[PDB]
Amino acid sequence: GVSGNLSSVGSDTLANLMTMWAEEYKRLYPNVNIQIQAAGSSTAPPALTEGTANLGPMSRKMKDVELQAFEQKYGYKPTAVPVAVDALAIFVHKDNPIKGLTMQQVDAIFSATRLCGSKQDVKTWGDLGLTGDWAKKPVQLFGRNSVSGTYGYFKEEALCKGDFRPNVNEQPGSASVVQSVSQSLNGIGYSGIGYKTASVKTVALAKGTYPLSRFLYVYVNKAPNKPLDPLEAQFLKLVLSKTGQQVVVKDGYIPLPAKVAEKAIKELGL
């Protein structure tokens, strides 16, 4: 807006949101071309820093070494703009009868060292209390790779900074994880709630009450006391608007609290 090139690099969790936002953006600003790259959040900071991206969608905040990289070039920190909320989900096969899980258990299932406290080395669904034909069917793990922000977020929050079991079947994206789980009766995976389909179900979690809720961000380069380039500016105005936030709902995520969207618009001078 009004003309130019918009380049997005980062999160797969936010892949379809950026795409739907971009389509509605191109409809309203037809001389703008938008490129969208969605291999995982960790690709956002170096692309932002080097300059090949104007927008860096991330499903976790930047780590310190990512922040200082941006800072050493620009002289200030990049700006995390909240654009949605994710209830990061545990997915199982639709026929899996599991009732729910505790954080303790989730940790026991995916992690090497269960830093959340459990003394369970979970390997079978019986270790989770399922009976009959389920009792020593193996727990097959599906997850994201290390470029995923969800990967890191999960490692930080669900594993208490622990490490994943060695045997996790890492998928290239969130849809792959859901598809993998949907075709594996004894499968379990994690990914954004928006990636839910009929072929899988989400397991209830126990510890505002959802224990793995997180903000989803789009990082931008906003210099202190300087306005955003009209191209980014108009994009984020679209994203944080009523229209942009209904896109969030339609894709299956959770819209920002109204105040949070307003503050974001304010703070960016939008």
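Counting begins at 1, following the sequence as shown.
- Query: How many missing residues of the deposited sequence lie between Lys207 and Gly208 in the entry, grouped as none, 1 to 3, 4 to 9, or 10 or more?
  - Reply: Per the record, 10 or more deposited residues are absent between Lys207 and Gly208.
- Task: Could you check the entry and say whether 214 to 222 or 25 to 33 has the higher mean CA B-factor?
- Result: Going by the record's values, the stretch with the higher mean is 25 to 33.
- Query: Mean CA B-factor: is it higher for 185 to 193 or for 95 to 103?
  - Reply: Mean B over CA atoms: larger for 95 to 103.
- Largest Cα B-factor, entry values, listed residues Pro138, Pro82, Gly143, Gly149: The C-alpha B-factor peaks, among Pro138, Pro82, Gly143, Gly149, at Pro138.
- Message: Between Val178, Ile90, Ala87, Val122, which one tops the list for Cα B-factor in this entry?
- Response: Among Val178, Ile90, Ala87, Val122, the PDB entry lists the largest C-alpha B-factor for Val122.
- Query: Lowest, middle or highest third: where is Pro227 by Cα B-factor in its chain?
  - Reply: It falls in the top third of the chain.
- Position of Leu240 among the chain's modelled residues by C-alpha B-factor, lowest, middle or highest third: Bottom third by C-alpha B-factor.
- Task: Pull the Cα B-factor of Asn5 out of the PDB entry and bin it into the chain's lowest, middle or highest third.
- Result: CA B-factor rank for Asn5: middle third.
- Query: Is the Cα B-factor recorded for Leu55 in the lowest, middle or highest third of its chain?
  - Reply: It belongs to the lowest third of the chain when residues are ordered by C-alpha B-factor.
- Message: Please say which third, lowest, middle or highest, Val65 falls into when its CA temperature factor is compared across its chain.
- Response: Its C-alpha B-factor, which the entry lists for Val65, ranks in the highest third among residues of this chain.
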